[PDB]
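A.B. asks: Quick one: the structure is below, questions incoming.
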Amino acid sequence: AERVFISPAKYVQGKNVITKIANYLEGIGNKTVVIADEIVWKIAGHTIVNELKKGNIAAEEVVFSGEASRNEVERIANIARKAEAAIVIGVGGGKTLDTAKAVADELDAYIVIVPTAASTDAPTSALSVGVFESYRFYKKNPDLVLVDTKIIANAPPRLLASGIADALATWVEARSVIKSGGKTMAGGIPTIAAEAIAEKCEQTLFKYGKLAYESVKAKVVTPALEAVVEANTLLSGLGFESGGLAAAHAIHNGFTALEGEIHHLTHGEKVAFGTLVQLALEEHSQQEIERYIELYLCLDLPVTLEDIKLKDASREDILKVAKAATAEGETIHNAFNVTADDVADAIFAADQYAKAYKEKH
Amino acid sequence: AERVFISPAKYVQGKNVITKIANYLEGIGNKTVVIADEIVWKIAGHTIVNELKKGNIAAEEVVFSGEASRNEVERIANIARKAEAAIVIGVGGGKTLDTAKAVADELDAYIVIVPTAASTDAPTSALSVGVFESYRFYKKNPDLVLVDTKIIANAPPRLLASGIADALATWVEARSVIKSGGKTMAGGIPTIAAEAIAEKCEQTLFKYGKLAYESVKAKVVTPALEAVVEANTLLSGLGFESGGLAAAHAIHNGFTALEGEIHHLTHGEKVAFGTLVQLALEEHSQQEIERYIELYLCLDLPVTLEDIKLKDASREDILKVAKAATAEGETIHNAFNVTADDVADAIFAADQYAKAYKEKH
Amino acid sequence: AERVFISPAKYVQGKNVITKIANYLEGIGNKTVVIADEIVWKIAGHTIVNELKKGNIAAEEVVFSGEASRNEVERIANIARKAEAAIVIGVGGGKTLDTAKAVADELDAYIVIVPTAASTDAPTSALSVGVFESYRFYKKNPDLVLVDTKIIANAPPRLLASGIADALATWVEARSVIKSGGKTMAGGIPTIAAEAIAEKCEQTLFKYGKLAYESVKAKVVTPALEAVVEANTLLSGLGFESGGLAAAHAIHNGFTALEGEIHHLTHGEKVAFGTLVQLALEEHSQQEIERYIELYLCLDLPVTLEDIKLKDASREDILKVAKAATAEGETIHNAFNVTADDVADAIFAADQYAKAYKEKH
Amino acid sequence: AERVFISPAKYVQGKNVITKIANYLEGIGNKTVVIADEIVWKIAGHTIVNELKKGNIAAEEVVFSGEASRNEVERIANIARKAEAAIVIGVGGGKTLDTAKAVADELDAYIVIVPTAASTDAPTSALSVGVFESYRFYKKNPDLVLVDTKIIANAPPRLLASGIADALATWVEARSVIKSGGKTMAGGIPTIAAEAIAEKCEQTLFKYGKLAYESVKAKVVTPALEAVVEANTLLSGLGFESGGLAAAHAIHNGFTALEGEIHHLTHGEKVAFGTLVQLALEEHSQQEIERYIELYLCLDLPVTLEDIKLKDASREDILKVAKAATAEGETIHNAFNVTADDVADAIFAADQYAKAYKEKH
Amino acid sequence: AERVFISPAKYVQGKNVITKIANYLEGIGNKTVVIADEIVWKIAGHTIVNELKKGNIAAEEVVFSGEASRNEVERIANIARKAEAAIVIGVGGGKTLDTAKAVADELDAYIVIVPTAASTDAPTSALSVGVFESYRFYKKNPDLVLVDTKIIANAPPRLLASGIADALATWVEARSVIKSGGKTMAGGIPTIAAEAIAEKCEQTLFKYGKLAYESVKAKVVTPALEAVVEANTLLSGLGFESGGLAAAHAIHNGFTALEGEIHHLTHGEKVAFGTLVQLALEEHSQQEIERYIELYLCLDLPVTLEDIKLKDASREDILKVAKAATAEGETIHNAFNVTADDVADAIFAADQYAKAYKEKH
Ligand SMILES: [Zn+2]
Ligand SMILES: [Zn+2]
Ligand SMILES: [Zn+2]
Ligand SMILES: [Zn+2]
Ligand SMILES: [Zn+2]
Ligand SMILES: [Zn+2]
Ligand SMILES: [Zn+2]
Ligand SMILES: [Zn+2]
Ligand SMILES: [Zn+2]
Ligand SMILES: [Zn+2]
């Protein structure tokens, strides 16, 4: 079997790096399109445009509607066409970054991804996704991912905790794919590079995660925050894409089978619970499971069905989640041979294990 | 300080993957130019062309002159222009792959790199180099690095040993840059991703290196050979480019200050000795140094001045090597504060340490 | 001395395996007799009969009176004779399974044992037992032990805790027989196979026991519950029969010398206390003893005389228990050289040690 | 998935236990048939008959032709029919024991298996097998396996070394099935009981194997020999049947695709090499592989192609072995996803690894 | 069971302590009898008498005949009677010290034991023994054991090696009695004091034994020699008497069943082989056994049948040794349940294990 590793061309992370944007685009082009929603234009959008102007780089300001639909992409791509911009700059959260990637594919443009929170590991990836249907690949991983830690230190602590949750799934999922001989999102078995990256991701989070969370609460940049932002973005990104997905993200996707307040949680908050479910489907001792539960609690992340807005959910409701999670083509099959009923049982088990832990402290 | 990580867009490694070349180029183009020297055209060049024809992909066969000069690049680029090929495929050793990268930059073409030996970590890099003058960056890291382990299992054992030598410098050099707060070739401080990759590189080589060497001697592909080819290519490549260079490659470059039979050694063989010199400049116990010497000997690699064709070299000759190695702009300054005289002393020390080891077994 | 190992011919465990009963009996016979009490006929008895009918297997439904007496066996054996059934299927708890084994011996019939709780390690054994008089062997160990974890996940949590208690005695007792050169129930010294099984039994219970207990409380099947059901049934069964019994089960038997509410406790609940008594008769540190007490408490099992309904029992009452436990022929002599008075003292010591632990938390 | 564990009903091992044969058959029957070949009748056959006569047990003496064919079984079964014997006693090596099992299935007779060497783990199993075609199950595992260590201490040392070789494959193969989620010969996933048994098997052999080999050379029974005979018979038997087979026995079977002197080696000698091939297909360091090679050499077992009478074998010959080993239905697929070409490469690698070790000592 | 510990009243060890003899006897008496053979009178006998005269202590010089018979004791006791001596001083080797103890019992005299070699652990004991018949206890352990290390440093190295051999049996034998619940020579189970003493004995010998052996070869007193003399005398003495005897000394006694050159070996030399036999009867790995063999060889002690003058001994001869060793009342039954045949096998096994070790170095 062939091993495959893919990656964005360049990843740059540091305090105030947003100010050198004109610098990194020098020998690339002098015309760009900048995509952000209303809030983000105030947070970083104008700062970016102003930095590009200083360097004589034109910039068409686009206000993202807030929905990553084909129409919005078509609308934005037209604007870029007319402005004849060769560089797409997406700034902000998930939906904006995905839209920007779709836009860049239409135009065959150089794409710069500028996250304003380290909340998911979508930034460096070549893939995207009310009910989940499938994963789709873009033509490439992003050309430049620019991560400004000063910006992230000012984003809500809840968003850093969410990114830690999403990154904590990386080693759990990749390890299960490596052990089962399964395939990664990249198409082949995992490389040793991805295994090393994924395992280091977990180590970095257990070591610095709480200190990074406190740093954000005080809105300061520290070595601990720099370490966790890299884990949440570069390690988690490469780890999941080239290391492999399994049950945790399948459960996250399964939640789309339900309607309700659960959908106000972040991707990371849902993945935290999904990760506990994967651990309940594996052979771990009580102490190994509690090591994760303890960390989630110290980051104010959800660990019970009640925490994810599914208090007293019925077996039938959980079964819908399980059926969606075990749909043909889901990632859970890359590491497990389970039925929807096994998965439904594991969801209730994880809830019971977390409650048992809580009723001990 | 900003951390920077760069990487080729896609790395694919496996037995007989050369046969799926038309498959990986499908949604990219139908016209290519293939670059290889006379020997390599027989080894893999024709197989590639034949695989491209089956998929209706045109291919201009170019015979590399054997010298990576501006003229040769200009000559090859013209041919590609006329054929109006959008994909450059370079097959073979170092000089051919570098030339192919230069060609792809002229044409702004998609580039595929196909090494026929896992002898250096140049394949995945965005950089190139009778006396060494400086490093120069290409506009990008390669789009696709395709590594066929069946081909490498048939290449000379000496070439695998050379690649292991070059890869064994990765952790030594990167660790010294990380400890000193120095910068990598990529421009910033090392990421945690590169540190993880570099350290895993060394572990993989001590674990599987000899088994991989025996596999090649028997011309068979095994899990051990697959592990070492990845270490020699993807881990060593990312590790040195994004992890950092230091004294070992500076010494390799310093040898160009001399004329002689030493220049028939491979890049890896020279780096092996360069690595011992770096260890002699650091604070290690005798046992730590011997751990490397032992491995080099079991791979038939050079460990003494006599082994690198500099038997009884004079202090003045070694001083020339040291002066070149400590030239302004060399990588040794990223991790050390040493003079040419300190380096000359370390070269003789490494030789003495290796002899002392040999005169013990 | 000869080593002897005995075992049921086949052990099958899994979720919903009760549904493949007709499948496992295919090449055996087409006529059976099913034995269960009133409650169990509703729990699993009818499901089994219905599964046998689908496969054209006749089944005489027998309602167990609830008492494992010679008359009941004779009564059931007659029915089987008349129906001329060649397979006996016993479903339910201890008394029913023993009766079914006795029935199968009368008829020389193939016997299937289907426990509805994993509460004791009697299922796989070839032996049986108001005052205890002696152990008696059946002509064989059961032909097929079929353990459906979905059924056990729905049985009371108290019954799983009881089975864990009975299984926690396995390594304690077998280790003492191995160390003393004593004989097992199977007739010779223990094999290495039994030692391995017994020791793994304890490890499995400390690792997964609490998670399995929580799984049952939520009525779900998990890897942890699957592990503990095997420990409680196959490992504990082989471990005690072919590994050896010692003081713990001797104390359990000694309780029959008393009348009272203590006899409403389960076999496992009594063995838990019996196990603490054996530990008090051995040389263990306070920490080693507390490791077991801690686990018993987390499973809501009894650890004091008060817990086993013998609050403020008199020395004379405890002495009766001790005399019965040290009767000629009891298993305590396979590992200890103690008098009834030593055993009476150990019963009070275990109570005092547990109280001391409790008066610390 | 369901876990399944099967086992012979009773295993008895000890010095001179052959003398209590009449004792173990008391409450079973008074008429038997004894099967052995010419040599074995002298070694133990007459001793057994004489022991049965003392207890008034009739015994039809059957001389096994030496070939385990349907005709021989039919011939022997007739004799048993006429003598109307209810017990079949097979004494000797592999072919005799298999024949005896086949005979017992025809007659639905109680079967006693009495090995005269501890050379394979076939004794306790319910299965059998010039080119290998498939495995076939008997209706049951043997009723009684009686292993007399005094007899085995007098059998050739080469036969004990062979049994150690066959038993050393147990943990390697079972561990690979457990890790891959594959199925055992018994039909389901492995139980924890089988994992414990298999792993203890390897430990016992590394600990006592050489001492047991020296014991046999001096023709004496020691604790070390008693431990290894149990490992070679009961642990290896249960471990492979209920723990799982993988690549090692598939390679052993693949050798039947060849004609030649290789077929004078014992089953164990072939499995030793097959085990090295499995280790070459896995990810192990040089030191882990050499730990096994070292032991094989100290037991005078084969480790190279030359040792197994295939010196300078051609790629085409090895490919035939590989194709047979990877046939549809072989056990290698329970733990690996490899092609015949991958397996051919691993055979040459194992040879090269062993030679490399030898050319070091 | 009661635990019992016995000991000589006072043990004094040091360089030149023989010179303070008059000092230790001050408040005891002014008349003594000194017993020694011809050689010892020259070695230390006259020095002692001269030291007693200086202190005005009378001393009847007795020349021991060399045979510890009733007549010799009666002869010596008469002399003491007439001299009306109240103190018996025995100086020299085993037979002399035993005789002196017997003499002191007849007279109810204070007894001083002065060994001139540290070759056995008989000095501090209250017991004694051509075929061995039984152990007999004196009325008391000696009142004063006075060990002069200057004297022992001048005794033959072979005698120190012999004492180390006898002391190396202490922990092996005592540990087996402790594990089996057996009784010591002192009459009850072993105390914790004896277990501590016995285990420290082995540690002291592995740590300092070779250095003490080299010290004696150079005839010098060092801390290492002081440590080993105490181990050989006080630790080994208390350890065997109050810790327990088992198979090793039983084998030593069994040799008396044979006539021949074996009886020129020392007690210690015979115990060394006896110790290897006990290890062969226990469950130890090859490495654990070799740890002792290695030490014996470095002290020039016997490890094979050939070394103990029984080269090519017949099974019948070894069987005589085994029968005597397993006689009713021997110490082997305090820790083992073995037959004479098991012991004969273990004697040949130990020889084979030692040869196997030797044929490795
Ligand atoms: Zn995610
Ligand atoms: Zn809402
Ligand atoms: Zn290099
Ligand atoms: Zn030249
Ligand atoms: Zn029980
Ligand atoms: Zn009541
Ligand atoms: Zn086999
Ligand atoms: Zn032949
Ligand atoms: Zn002694
Ligand atoms: Zn003599």
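So for chain C, numbering is Swiss-Prot's, and the shown residues are 3-131, 137-368, in order.
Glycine is treated like the rest: Cβ placed from N, Cα and C.
Straight from Swiss-Prot, here's the annotation block:
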BINDING   C:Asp123, C:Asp173, C:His256  glycerol binding site
BINDING   C:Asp173, C:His256, C:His274  Zn(2+) binding site
A.B. asks: Rounded to a whole number, what is the top Cα to Cα distance in Å among the residues the record ties to glycerol, namely C:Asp123, C:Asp173, C:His256?
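C.D. replies: For the residues that bind glycerol, the greatest Cα distance is 12 Å.
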A.B. asks: Beyond the listed site residues C:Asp123, C:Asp173, C:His256, identify every same-chain residue whose Cβ lies within 8 Å of the center of their Cβ atoms for the glycerol site.
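C.D. replies: Neighbours within 8 Å of the Cβ centroid, excluding C:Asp123, C:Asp173, C:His256: C:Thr122, C:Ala124, C:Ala174, C:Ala176, C:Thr177, C:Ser243, C:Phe247, C:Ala255, C:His259, C:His274, C:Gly275, C:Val278.
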A.B. asks: Once the DSSP letters are reduced so that anything not helix or strand counts as coil, what is C:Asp123 (glycerol binding site)?
C.D. replies: coil
A.B. asks: Taking 8 Å from the centroid of the Cβ atoms of C:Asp173, C:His256, C:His274 as the cut-off, which other residues in that chain fall inside it around the Zn(2+) site?
C.D. replies: C:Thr122, C:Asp123, C:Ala172, C:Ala176, C:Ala255, C:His259, C:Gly275, C:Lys277, C:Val278, C:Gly281
A.B. asks: Given the binding-site residues C:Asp123, C:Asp173, C:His256, state which is nearest to C:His274 (Zn(2+) binding site) when distance is taken between Cα atoms.
C.D. replies: C:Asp173
A.B. asks: Given the binding-site residues C:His256, C:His274, which one's Cβ is surrounded by the fewest other Cβ atoms within 10 Å?
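C.D. replies: If we count Cβ atoms within 10 Å for the binding-site residues C:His256, C:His274, the smallest count is at C:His274.
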A.B. asks: Taking DSSP as the reference, which of helix, strand or coil describes C:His256 (glycerol binding site)?
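C.D. replies: Note: C:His256 (glycerol binding site) is helical by DSSP.
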A.B. asks: Starting from the Cβ of C:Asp173 (glycerol binding site), draw a 10 Å sphere and report how many other Cβ atoms land inside it.
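C.D. replies: Result for C:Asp173 (glycerol binding site): 29 neighbouring Cβ atoms inside 10 Å.
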A.B. asks: So, three-state DSSP: helix, strand or coil for C:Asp173 (glycerol binding site)?
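C.D. replies: The residue in question, C:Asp173 (glycerol binding site), is helix (DSSP, three-state).
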A.B. asks: My understanding is the cutoff is Cβ-Cβ under 8 Å with a sequence separation of 6 or more in the same chain; which residues meet that for C:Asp123 (glycerol binding site)?
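C.D. replies: When sequence neighbours closer than 6 are ignored, C:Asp123 (glycerol binding site) has C:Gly170, C:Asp173, C:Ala174, C:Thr177, C:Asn239, C:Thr240, C:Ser243, C:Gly244, C:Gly246, C:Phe247 within Cβ distance under 8 Å.
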